[PDB]
Each structure stands twice: as C-alpha cells, then as structure tokens.
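Don't worry about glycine lacking a Cβ; one is built from the backbone with ideal geometry, like all the others, and counts go over all protein chains shown. Every read-out reported here was derived from the displayed coordinates using simple, explicitly stated rules and does not represent laboratory data.
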Amino acid sequence: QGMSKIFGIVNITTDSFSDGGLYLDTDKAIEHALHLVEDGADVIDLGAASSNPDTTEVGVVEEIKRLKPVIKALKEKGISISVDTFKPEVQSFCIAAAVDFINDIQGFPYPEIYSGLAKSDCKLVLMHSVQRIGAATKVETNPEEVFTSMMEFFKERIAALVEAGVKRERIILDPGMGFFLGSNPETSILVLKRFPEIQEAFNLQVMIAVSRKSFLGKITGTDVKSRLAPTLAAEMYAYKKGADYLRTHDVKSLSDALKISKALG
Amino acid sequence: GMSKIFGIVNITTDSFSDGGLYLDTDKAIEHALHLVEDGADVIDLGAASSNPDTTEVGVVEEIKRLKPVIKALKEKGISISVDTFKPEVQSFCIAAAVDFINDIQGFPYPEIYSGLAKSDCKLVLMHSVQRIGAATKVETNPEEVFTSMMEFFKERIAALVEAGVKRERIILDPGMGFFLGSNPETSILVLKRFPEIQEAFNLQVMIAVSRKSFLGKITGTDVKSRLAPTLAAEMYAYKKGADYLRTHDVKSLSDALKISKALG
Ligand SMILES: [Cl-]
Ligand SMILES: [Cl-]
Ligand SMILES: [Cl-]
C-alpha cells in the first residue's frame, strides 16, 4: 500500500561547524547526506542557511557556495535533492542545477521567477508560514483562524503558480508546523489532525514536518536533545493518516517506525 | 482507553557476602523512583541470581534483595510487581502483598495455588512455547502456536479459578520474541491478534515487546539498544488496546503516549 516518503534534513552550516574548527566544510555534510540515504531517506533536504534569518550573514553568493559542492556530489550518486531556501536568486541556481525539489518557507511570492519554475521539472513544496522574515515573532492565538487563512493562502498561491505555467501536480503543500503556525502549540496539533482536509480540498500531496519542533517539547516537557520519542509518535500519526512526505532528522528512527508499522499494519 | 506502563527495575549484587548490599538495593530504589517520575504506573521488580537456576540458597538471597526495595517502594506508595518464578519467592510476595506476581513459568505448580488464592495480588499469567509441566509438544507454525497458547490460557485459568483465585486477578501475557520460537511471524501474529485474547477470555492482556530481537528482523537495525523499533511496536499495541505494557524505556513510552493523546 501507500507509504510516506522521507525527506532527510541536512543542514550544511551545523554539520560543518559541529567539530568546532570554525571551518566551512561541506565534506562533513556530504557524508551526513550519504548516511541518511543509507538509513532510507528518499530525498535529501539541503539547507545552506537557517530558517529564522536573524543571523548576520544571509549572503546569496555564499548560500550558493555551500550548496555547490554538496549538490554536485549528491547528484552524481543519484540522490534526489531538495534545497530549502527562500531567496529567489538561490532558487534560480537550484533551477540551473536541476535539483528535484525546491523548498520555500515563503511559498514562492516572487512572480519574477515563475516562468522559469514552470519550464523546469522541479517539484515545488509550497510552505504556508504565518511569520514574516525580519519581523518579530508572531504568536498566532487563534488556531482555526490560522487554518482557514492557510487554506486561503494556498488557494490563491496555487492558482497563481498554475496560471504562470507551472504544472499543478508538481506542487506539494506544506501547511507549516510549530514556528510557522504561531508559537501556540494547539494550532500545531490542529494542523496535524486536519491535514487530510488539505489533500481533499486540493488533490495535492502534503508534507508534514514535525521533527523536534518545540510544540512537541511543550506537550511532553522534554528538552530539544530528547525529542525523538514525541517526534516518532507524531511522524507515525501522520503516516497512518496518509501523509505523502515526512521531513525529519532521524531518518533511520523514522524508517524503523514505518517498517514496524507497515509489518504490523 | 489508556495503557499502563510496567517499569523494569533489576536488582543486581555481586557474589561476595554483603557488607554493601544497601548500595545495590538503594540504586534499584533510585532507579524505580526515576521510573515513576518518567510515567511508570507499576514498577516490575527483578531479582534473578548470578546463575539463573533454582536452589535453596538462591531463593533466600533473591528474597534478601527484594525485601528492602519492596519495603521502601510501598512506603512511598508505589505499585509493585515482582518478576519471579520460584514458589518460595512468590510466597514471600503473597505475604508482602505486592500488586502483581509476574511468573514467566505461568504458575505450573498447583501446590502453590492455595496460597495464591488467599491474597489480592494480581497474577500475570504468562504463556511460553516451552512451558513447565506440559505433555504437549512445542509448536513450530505460528497459527498453531496461537491456538496452542489459546488453549493453554483456557486450561491454566480453569486450574487457578478452581483453586480459589478470582479470575479478575489473572492478567494474560502471551509472551513475545524468543518465547514464541526464533520465528518472527509468531510474535507478529500475536502482536496483531492479541485482542482475540481479551474478547475470548474477558481479561486484561500484558504486552511485553520492549527490545525483543524479532523487531530486528522487521527492521534490520540494533533493537537491543535503540529506541525507535521498540517504541514503534509499543505504540501499535497501545492503539490495539493493550492494557499493560512492560518496557525499559519508560520515558520514551510515556511521552509517545502524551503525543498520541493530544492527537486523539
Ligand atoms: Cl479554500
Ligand atoms: Cl544497526
Ligand atoms: Cl545508531
């Protein structure tokens, strides 16, 4: 039967800095990516910057300098690559490298780039985000408001992309999780138990990305270093309900959870 | 619809004569307290010997190590289950009034059945494919292993309720992993059809799946020290209605059920 596809999270910056040698070493993140494929990652999700860009350097030229050797090495081994980036100039390079996915926390709001996205066979994952880059953190207090607004934001953005020429069945909808729904945990749970409505309402694939998000920690009172168990609980829940894609760090713990669950059924 | 966790606490001591028995039972208590804070409804006490074989001297030492931990725990008001198969040790448990007696041999000695009746301890009646006092041959094929233990419960329950034990005290553990043969399907079969135990006997079922090797057959990873493949199976049993879950990693369990309840 069906089975959620696993996006293996590989952040070049943290993987290159874990030694403490203050080295921008893509080699450490290439090997980490290869490990995730061995653990059973269907797609590798690349990240050359952080998603909350409070950080001092958001450079477009360096964000490409980091994805450059990793995409080269992974593409030669046949690895399905997904790059997570909000900068249109960085996504333009992703189109030029013919990566398999492009992950936009901003959901492609720059129509300058639409015509090129259409021509390329890149699958787009279209994330809804309640927050704005650079602005203060929003605590969206009304979960049902965030859910209906999320549905409106999709209905408009999908039609905008499809008018520009993007084939619609190459769009994946990520409703966002945790930070992207407001620091309110309950709205995170709401989206989790309501994402099948998104599939039915649009006949599109849906990606659920709950791994290690702080809302899990608030339900269990657990620290970030010990979120594996509440993570696996959530990823399993999304799987049984029909998630098309699951984004996670511990690909292998997730593979074990899915392998055990499919065998029991 | 909530499953109760059994926390596994092992009391270990070397082969030299005491002096410092306290700083081994004291950690077992510290371990059991930490397990309660991690969400353990019942502590499952284990006091197996160095050479796990019955002897008249090994019993008095197994009791010697169970005594201070049992006493310290139900001083704190914690529910106690004792994992032991030696009748003299079980008898001390009956007098200790522990909340559960977990016998891997399935109470195969009708000489003790009288004393089990004169108590309120719950009896975790456990099944095993290689059980004591059976004239039946061991079974190879899973669906036969299933119907075999289904009849084992039927008869072993009748022997207990006759002797004077109330059937409401008998929790059924069908056993898992090596206890059903080196055949992974057996434990898979039982893992999904164990609701058939509950309805056909009108009784609670314990599922003890944590860190069993058959999970490694399904997965291809190191289940003996890894969290996920165990937790994946424990969650399955929870949704299928398991009344009790025996587990080492209580914290991982407890939090995985907190998530599954918020998503209820
Ligand atoms: Cl709508
Ligand atoms: Cl392994
Ligand atoms: Cl490992």
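Worth pointing out:
- Ordering B:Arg167, A:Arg132, A:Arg170 from the fewest to the most neighbouring beta carbons within 10 Å gives A:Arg132, B:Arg167, A:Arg170.
- For region A:5-264, projected area of the alpha-carbon convex hull averaged over all directions, nm²: 13.7
- Remark: mean inter-chain Cβ contacts per residue of B:221-234 equal 5, using a 10 Å Cβ-Cβ cutoff to other protein chain atoms.
- Reach of B:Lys64 by Cα under 21 Å, taken over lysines that are not fewer than 8 positions away in the same chain: B:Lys27, B:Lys74, B:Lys76, B:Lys86
- In terms of distances greater than 20 angstrom between alpha carbons, the cross-link table entries B:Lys122/B:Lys166; B:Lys4/B:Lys154; A:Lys138/A:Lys213; A:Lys262/B:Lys239; B:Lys4/B:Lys224 yield B:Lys4/B:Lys154; B:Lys4/B:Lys224.
- Overall, region B:45-170 carries a charge dipole of about 500 debye about its Cα centre when +1 sits on the Cβ of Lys and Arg and -1 on the Cβ of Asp and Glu, all other atoms neutral.
- Distances between placed amide hydrogens fall under 5 Å for B:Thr247 paired with B:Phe6, B:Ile8, all partners being 5 or more residues away or on another chain.
- Counted charge near B:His248, where neighbours are those whose Cβ lies closer than 14 Å (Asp, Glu -1; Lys, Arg +1): +1
- Every pair of different Cα atoms in the protein assembly as shown enters the Kirkwood calculation, which places the hydrodynamic radius at 25.9 Å.
- Taking 17 Å as the straight-line reach from the Cα of A:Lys77, the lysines in range (excluding those fewer than 8 positions away in the same chain) are A:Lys28, A:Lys68.
- Length-normalised contact order of region B:4-263 in % [C-alpha pairs under 8 Å, at least 6 apart]: 17
- Among the chymotrypsin sites (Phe, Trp or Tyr not before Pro) within region B:1-77, those in coil by DSSP and having at most 15 neighbouring Cβ atoms inside 10 Å are B:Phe16.
- The protein assembly as shown - mean residue ellipticity at 222 nm from DSSP helices (-39,500 (n - 2.57) per run, n ≥ 4, rounded to 500): -14500 deg cm²/dmol
- Summed side-chain charge close to A:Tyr110 - residues other than A:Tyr110 whose Cβ falls under 13 Å, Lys, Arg +1, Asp, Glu -1: -1
- Residue order, fewest to most surrounding Cβ atoms within 10 angstrom, among A:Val61, B:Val161, B:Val69: A:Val61, B:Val161, B:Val69
- For A:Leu24, net neighbour charge (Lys/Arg +1, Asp/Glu -1) across residues whose Cβ lies under 12 Å away: -3
- Cleavage-rule hits (trypsin sites (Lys or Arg not before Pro)) in region A:50-116: DSSP loop, at most 12 neighbouring Cβ within 10 angstrom: A:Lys77
- Rounded if a/c under 1.5, otherwise prolate or oblate - region B:161-244, Cα gyration tensor axes: prolate
- Residues B:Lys212, B:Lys224, A:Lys225, arranged from fewest to most other Cβ atoms within 10 angstrom of their Cβ, appear as A:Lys225, B:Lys224, B:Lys212.
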